Amino acid sequence: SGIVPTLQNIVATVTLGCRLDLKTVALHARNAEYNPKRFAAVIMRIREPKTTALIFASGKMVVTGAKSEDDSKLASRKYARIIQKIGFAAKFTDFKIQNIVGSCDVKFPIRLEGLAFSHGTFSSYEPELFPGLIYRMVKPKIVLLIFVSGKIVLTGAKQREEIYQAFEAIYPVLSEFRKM
DNA sequence: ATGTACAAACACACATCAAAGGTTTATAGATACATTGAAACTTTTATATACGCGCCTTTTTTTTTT
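Structure determination for this entry, per the PDB record, employed cryo-EM and reached 3.0 Å resolution.

### Some remarks on the overall build of chain A
From N to C terminus, chain A includes four helices and nine strands. For chain A, the N- to C-terminal ordering of α and β elements is β-α-β-β-β-β-α-β-α-β-β-β-α. Along the longest, intermediate and shortest principal axes, the C-alpha atoms of chain A span 60 × 30 × 25 Å. Sorting the 180 residues of chain A into buried and exposed places 44% on the buried side. The contacts of chain A with a sequence gap of at least 6 include a subset with a gap of at least 24, amounting to 60%. Carbon and sulfur atoms make up 55% of the accessible area of chain A, which amounts to about 10,100 Å² in all. Averaging the positions of the 27 positive and the 15 negative side-chain charges in chain A gives two centres separated by 8 Å.

### Overview of the protein's contact with DNA strand B
Around DNA strand B sit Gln8, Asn9, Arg38, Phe39, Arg45, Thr52, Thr64, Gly65, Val101, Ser149 and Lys151, and that is every residue in its neighbourhood. Atoms of DNA strand B within 4 Å of the protein: sugar and phosphate make up 88%, bases the balance. Residue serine 149 places a side-chain N or O atom 3.3 Å away from a sugar or linking oxygen belonging to DNA strand B. When its residues are assigned to classes, the surface near DNA strand B shows two nonpolar, six polar and three charged.

### Describing unusual backbone geometry
Across residues other than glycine, the phi torsion is negative in most instances, and most of the peptide bonds are trans. Here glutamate 48 and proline 49 are connected by a cis peptide whose omega angle stands at -5 degrees. Among the structural elements, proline 49 can be located in the loop between β3 (41-47) and β4 (50-56). In this structure, the amide linkage connecting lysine 139 to the following residue, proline 140, adopts the cis form with an omega of -10 degrees. Take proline 140: it is sitting in the loop between β7 (133-136) and β8 (143-146). Positive phi values are uncommon outside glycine, yet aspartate 94 reaches one of about 50 degrees. Tracing the sequence through the fold places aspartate 94 in strand β6 (residues 93-105). The phi angle at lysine 107 is positive, at roughly 75 degrees, despite the residue not being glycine.

### A few points about the packing of aromatic side chains
Under the definition given, this model contains five aromatic pairs. Centroid distance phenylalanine 92 to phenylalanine 95: 5.0 Å. Interplanar angle 15 degrees. Geometry classified as stacked. Exposure remark for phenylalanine 92: the relative accessible area of 30% places this residue in the partly exposed category. Arranged with centres 5.4 Å apart and planes meeting at 70 degrees, the rings of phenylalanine 108 and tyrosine 171 form a pair that is edge-to-face. Linking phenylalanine 108 in the loop between β6 and α3 (112-118) with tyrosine 171 in helix α4 (residues 160-176), this pair joins segments that are 63 residues apart in sequence. Exposure remark for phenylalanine 108: the relative accessible area of 10% places this residue in the buried category.

### Side note on helix α2 (residues 69-86)
The end-to-end C-alpha separation of α2 is 25 Å, in line with the 26 Å expected for 18 residues at 1.5 Å each. At its buried positions, α2 is contacted by β1 (7-15), α1 (22-28), β3, β4, β5 (60-64) and β6. Between the side-chain oxygen of the N-cap and the backbone nitrogen of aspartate 70 there are 2.9 Å, and the N-cap of α2 in question is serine 68. Just downstream of α2 lies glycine 87, where phi reads positive at about 140 degrees.

### Overview of the domain arrangement of chain A
Looking at the assigned domains, one finds that chain A contains domain 1 (1-11 + 98-180) and domain 2 (12-97). The distance between the C-alpha centroids of domain 1 and domain 2 comes to 31 Å. A buried area of about 940 Å², summed over both sides, lies between domain 1 and domain 2, and 50% of it is on carbon and sulfur atoms. Our enumeration of links across domain 1 and domain 2 arrives at one salt bridge. A salt bridge links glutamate 69 to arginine 160; the shortest N-O distance between them is 3.7 Å.

Quick notes on the rules
- Residues numbered from 1 in each chain as written, not as in the entry; some residues may be left out.
- Chains lettered and ligands numbered in written order.
- Part of a larger assembly, values for the part shown.
- Heavy atoms only, no water.
- Helix = DSSP H or I, 4+ residues; strand = E, 2+ residues; numbered from the N terminus.
- Buried < 20%, exposed > 50% of the residue type's maximum accessible area, 1.4 Å probe, protein only.
- Contact = heavy atoms within 4.5 Å.
- Areas by Shrake-Rupley, 256 points an atom, 1.4 Å probe, with all protein chains shown as cover.
- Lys, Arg positive; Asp, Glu negative; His and termini not counted.
- Charge placed at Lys NZ, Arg CZ, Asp CG, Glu CD.
- Near = heavy atom within 4 Å.
- Polar contact = N/O pair within 3.5 Å; in protein donor to acceptor, adjacent residues only side chain to side chain.
- Nonpolar A, V, L, I, M, F, W, Y, C, P; charged D, E, K, R; others polar.
- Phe/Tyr/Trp six-rings, centres within 6.5 Å; stacked < 30°, edge-to-face > 60°.
- Expected span 1.5 Å × (residues − 1).
- Domains from an automatic or database assignment.
- Buried area = accessible area lost by both parts, 1.4 Å probe.
- Salt bridge = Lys/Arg side-chain N within 4 Å of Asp/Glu carboxyl O.

In structure tokens:
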């Protein structure tokens, strides 16, 4: 392989443990996008770490755009601190990353036609809307989006580690299906 | 001599029975709504990937009165 699956989004859940006044949360924040007509969750974008989070009336926050487990975790801790400054005793309790989506590259042109045709059972293709293949692995259970540019979009894991394992499993397939 | 009010036949005029049928309507078939709970349904996003299209937004061209 020799290629790290480069994460582009990490979505995580944080139980602040309080019924947050989403109106006051929006009011006391600096740049927060909350109005009920789209969702029941204040969405805040913090530039450091730059993450976008929706926090619900349950006080549960789901965070996206992180580049690491620690980007999301530190961002969520900052989010809880911001909520506490707002006035609600937010606390980092029973945190869990619900999604780790990444894009990386293997850089060798691929016979995507070969894979999809011979892995019709596993991968399906209708190249007249979107030129990417969809592949599944159960161990680890990662779904992977493949495009001729070599871009690999690995999704379906709470951790980047399942991303890494399925990438170490799928890059050999890619090189096998490398078009030249 | 002598036929007359009176009541029996004796076959019949008279009140009665009975089949048929419109009309009314519960009564039921079927009817069209009225309930509601329930699951089949919507949403973010970002995230790149590689598209348009229309609409944000703007530059260049286009058009009536004194």
